[PDB]
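# Fold and geometry: a report
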There are 2 protein chains.
Amino acid sequence: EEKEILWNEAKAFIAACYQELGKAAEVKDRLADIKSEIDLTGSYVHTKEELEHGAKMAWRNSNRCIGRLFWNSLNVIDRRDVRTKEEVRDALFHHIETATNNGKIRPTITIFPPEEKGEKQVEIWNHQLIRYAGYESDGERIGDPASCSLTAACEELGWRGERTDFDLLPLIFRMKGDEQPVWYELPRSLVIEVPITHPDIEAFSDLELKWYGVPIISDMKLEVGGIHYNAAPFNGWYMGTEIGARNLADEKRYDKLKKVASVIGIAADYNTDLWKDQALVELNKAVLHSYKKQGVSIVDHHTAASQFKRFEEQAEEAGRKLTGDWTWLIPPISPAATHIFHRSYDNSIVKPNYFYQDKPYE
Amino acid sequence: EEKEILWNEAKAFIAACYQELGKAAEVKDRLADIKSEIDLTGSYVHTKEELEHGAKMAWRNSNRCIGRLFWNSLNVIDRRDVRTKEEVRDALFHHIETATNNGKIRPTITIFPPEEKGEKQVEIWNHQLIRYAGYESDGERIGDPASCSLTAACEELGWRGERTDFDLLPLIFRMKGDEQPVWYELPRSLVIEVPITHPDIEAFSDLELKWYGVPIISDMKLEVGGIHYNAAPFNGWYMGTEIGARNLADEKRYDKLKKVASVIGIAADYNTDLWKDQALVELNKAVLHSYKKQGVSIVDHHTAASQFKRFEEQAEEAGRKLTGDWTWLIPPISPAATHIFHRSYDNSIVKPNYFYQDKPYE
Ligand SMILES: Nc1ccc2ccc(CNCCCc3cccc(F)c3)cc2n1
Ligand SMILES: Nc1ccc2ccc(CNCCCc3cccc(F)c3)cc2n1
Ligand SMILES: Nc1ccc2ccc(CNCCCc3cccc(F)c3)cc2n1
Ligand SMILES: Nc1ccc2ccc(CNCCCc3cccc(F)c3)cc2n1
Ligand SMILES: C[C@H](O)[C@H](O)[C@H]1CNc2nc(N)[nH]c(=O)c2N1
Ligand SMILES: C[C@H](O)[C@H](O)[C@H]1CNc2nc(N)[nH]c(=O)c2N1
Ligand SMILES: [Cl-]
Ligand SMILES: [Cl-]
């Protein structure tokens, strides 16, 4: 069954990819080659062109992503040549540096060798390459609760954090053939962080909030033409609400709205005062202001939705069906001020695509 | 087929209803009676108890409603006895008066005779019993665009509005056997309206906004045990976001956010300033403040979601399955500050329930 599944996915992908690349005439011959290769080896290897375009298609097909207008400008780094943990580490460091680009963030994906027999070659444990630790013990909560299980796993392995609310987790990944992952502390020279200040409320800095500049998601599987790239970290840049409305606001994350209300000078006593809503707006204004001030790319949810409308229009012009997940595309503040709220989307799954996979810790 | 459909719905409803009322032992005999009645007449008539409990169950099963905690306190007015247009008009006037209750709004439904052969006895044209007219001509837009087609239909019938932005539409409904509906101007003594002011921005009154106190939805069909009550106007009280985030804010409704931004003293020039979000918060604060000041019932979205969580808990305690439509239950401002955003809901349709039906105008 496995081989047949692979061959079917390969036939669909190659046809579509080569069609999009103006290479329709090469399909027959390429498919023949792939079919022999599957017979004799159990798999097939993508050309560089296939791999690049496949990673772009996968972004274009990500139903939950409002940022898809820019799918064709993904910078694809092909690292299928890595064999050692130093090579992996150095590729991840490189990805951070080139994606960061001094703050003018470049959407980038680094693709490592794919699973073979469902056997991973490289297994990345980080949820994002840059992310803060979380601790919970003796009633005491420090840092990012979303990171508690991974933090615990790192500390089992000899890493120890300073126990600030913003400790950078080490890179942590496992190689085929090793029982345990290895970990490496992130060089601070590679990591841009943004202190959160507010454009006109001076006290906002008293909250001592910060966040990291570049979200590099490193635990999803890229599937292209039946090949499973389980290790393929990618990034765009933030939409401000991801930080201001969720990471810093959720009760199960940094839970900052009461503190925000206090520094902006409003009571947090009555639901009818809409103080949470007001605090959310000011915290989100601060996040956008702060990234812009530090010269780190970010987009607000209004501009993001406007770009997404153009993506809808582009798909139409291209004669491509549009898929989307309304429940994730709407922003978590003022969703009905965006066009997204007022239309519906077909949440069908089209491949190539990015998929969740099981956590190796937990 | 029609009769079989009716009988099946009747069997399911009576069983469930009588179970909930502690009348399980009466089911067999009641079903027998209903079955003969369907045979001989083509339909059956609900007892008063059945009708009351059925309208309550229908509210309880309304997946899109965040207000369902209070389903069992619905005041059910049985008007299956009406035969004349004066009786209909007077029942609608009565519903407005008793539901309004001097501002301490009573959730109420008035139930008119049901369809017979799919033949309506009374057909109400209003979307809500109290609602503002809309006009669009010669580029000129006045009032509520959502009401343009019904307004045009009323004016075809000899009604003429003053062409303010808040003209009250007349009651308009048709009787079986009449070709045209009749219309009646609403007595202003029956209609409470709330001027919108802001708790601390004095200029907010310069916008001259107002809204009506009680939303009385009068164009949905109540279905109970296979009987179709197409005319059964009901009301609760507003959640503030329905007025402040949608009716007064949507670009295709009163479209007030730029004007709000100006009176609250913020620029409406840059998406990154989140001025729409800020204007939405202040407009919603004003709406809640204004209703509370006038002594007219209203609920904010935080308190509403907290009540809805108790509804979820109540259903659990009662051993009843919960259904809901996440896409409608989340409020349109700060949705992720409510528990609703963070869970999922089974959007299955359970009857009794309230359903949309085709507009007789348009
Ligand atoms: N005490 C701490 C904690 C975390 C820290 C993280 C980063 C840094 C220093 N970051 C410098 C990043 C400069 C930079 C600029 C442009 C591109 C790039 F990749 C890095 C210091 C920290 N100091
Ligand atoms: N700006 C972007 C671009 C791409 C993105 C891809 C994935 C995600 C993360 N989605 C959430 C993964 C599940 C989750 C939720 C909350 C906390 C947590 F640690 C993980 C954010 C992105 N944000
Ligand atoms: N120019 C206008 C336009 C619309 C109007 C609507 C209502 C009224 C007067 N409304 C009085 C309502 C008083 C009231 C109190 C308690 C219960 C109740 F049903 C009505 C005047 C208008 N005047
Ligand atoms: N507070 C309540 C209680 C019950 C409600 C029942 C129905 C509705 C109306 N739902 C919208 C019907 C479709 C629609 C959307 C926008 C404008 C318009 F005229 C009609 C509001 C309620 N609001
Ligand atoms: C339970 C629910 O699906 C959950 O809150 C979802 C809803 N929509 C979302 N949308 C985005 N963009 N991100 C999220 O984390 C979520 N959470
Ligand atoms: C097109 C989309 O379904 C539409 O905007 C829905 C979404 N959620 C909603 N939720 C509520 N409560 N009311 C609405 O009018 C809508 N509109
Ligand atoms: Cl994040
Ligand atoms: Cl309304």
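As a convention, residue numbering begins from 1 on each chain and follows the written sequence, not necessarily the numbering found in the entry; residues with no coordinates do not appear. A letter from A marks each chain and a number from 1 marks each ligand, given out in the order of writing. Excluded from the side-chain calculation are hydrogens and water; included are all heavy atoms of the structure.

Judging from the entry metadata, X-ray crystallography is the method by which this structure was determined, and 1.63 Å is the reported resolution.

## Section: the interface of chain B and chain A
Residues count as neighbours in contact if any of their non-hydrogen atoms are within 4.5 Å of one another. Taken together, the contacts link 31 residues of chain B with 31 residues of chain A. Around 2600 Å² of area is buried between chain B and chain A when both sides are counted, 63% of it from carbon and sulfur atoms. Here, a salt bridge means any side-chain nitrogen of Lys or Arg that lies within 4 Å of a carboxyl oxygen of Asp or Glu. Joining chain B to chain A, the criterion identifies 0 salt bridges. Side-chain atoms alone can form a polar contact between residues adjacent in sequence; in general such a contact is a pair of N or O atoms within 3.5 Å, and within protein one must be able to donate a hydrogen while the other accepts it. The interface formed by chain B and chain A includes 10 residue pairs in polar contact. Here a strand is any run of E in DSSP of at least two residues, a helix any run of H or I of at least four, and the numbering for each starts at the N terminus. Breaking the side of chain B that touches chain A down by element, the ones donating at least two residues are α8 (275-293), α9 (301-318) and α10 (326-329) of chain B. Once two parts are put together, the accessible area they lose, assessed with a 1.4 Å probe and summed over both, is termed the buried area.

## Overview of the relation of the copies chain B and chain A
Between copies, superposition follows a least-squares criterion applied to the C-alpha atoms. Rotating chain B by 180° and translating it 0.0 Å along the rotation axis places it on chain A, where the RMSD comes to 0.0 Å. Here the symmetry operator amounts to a two-fold rotation axis. Proximity to the rotation axis, assessed at the C-alpha, singles out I333(B) in chain B; its C-alpha lies 2.9 Å from the axis. Both copies contact each other with a shared surface, as 100% of the interface residues of chain B are interface residues in chain A too.

## Some points on the domain arrangement of chain A
All names here are of chain A. For each domain, the first and last residues come from an automatic or database assignment. For chain A, the assigned domains are domain 1 (1-80 + 107-117 + 221-235 + 305-329), domain 2 (81-106 + 121-192 + 356-360) and domain 3 (193-215 + 238-303). Once you take the C-alpha centre of each, domain 2 and domain 3 turn out to be 25 Å apart. Residue-level contacts link 18 residues of domain 2 with 18 residues of domain 3. Approximately 1600 Å² of surface area, both sides summed, lies buried where domain 2 meets domain 3, with 55% of it carried by carbon and sulfur atoms. Broken down residue by residue, the surface that domain 2 buries against domain 3 is led by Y132, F166 and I192, which jointly contribute 37%. Our count for the domain 2 to domain 3 interface comes out at 1 salt bridge. One salt bridge connects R253 with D144, and the closest N-O pair in it is separated by 2.8 Å. One can count 11 residue pairs in polar contact joining domain 2 with domain 3.

## Considerations on the site of ligand 4
All names here are of chain B. One heavy atom within 4 Å of a molecule or strand makes the whole residue count as near it. What surrounds ligand 4 is the set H127, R131, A146, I217, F234, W237, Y238, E242, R253 and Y356. At 3.0 Å from a nitrogen atom of ligand 4 is found a main-chain nitrogen or oxygen belonging to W237. Residue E242 places a side-chain N or O atom 2.6 Å away from a nitrogen atom belonging to ligand 4. Areas reported as accessible are Shrake-Rupley estimates using a 1.4 Å probe. Residue values count occlusion only from the protein chains shown. Summarising the interface, the protein chains cover 64% of the accessible area of ligand 4, which totals 540 Å² for the free molecule. When residues are grouped by polarity, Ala, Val, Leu, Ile, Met, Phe, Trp, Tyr, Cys and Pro land in nonpolar, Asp, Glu, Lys and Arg in charged, and all others, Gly among them, in polar. For the shell around ligand 4, the residue count by class is 6 nonpolar, 1 polar and 3 charged. Among the domains, domain 2 (81-106 + 121-192 + 356-360) and domain 3 (193-215 + 238-303) are the pair contributing at least three residues each to the shell around ligand 4.

## A closer look at the site of ligand 6
Around ligand 6 sit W326(A), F341(A), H342(A), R343(A), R246(B), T327(B) and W328(B), and that is every residue in its neighbourhood. Within the contact set of ligand 6, an oxygen atom lies 2.5 Å away from a backbone nitrogen or oxygen of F341(A). Side-chain polar atom of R246(B) to an oxygen atom of ligand 6: 3.1 Å apart, as the coordinates give it. Calculation on ligand 6 without its partners gives an accessible area of 390 Å², and the protein chains cover 70% of this total. When grouped by side-chain class, the residues that make up the shell around ligand 6 number 3 nonpolar, 2 polar and 2 charged.

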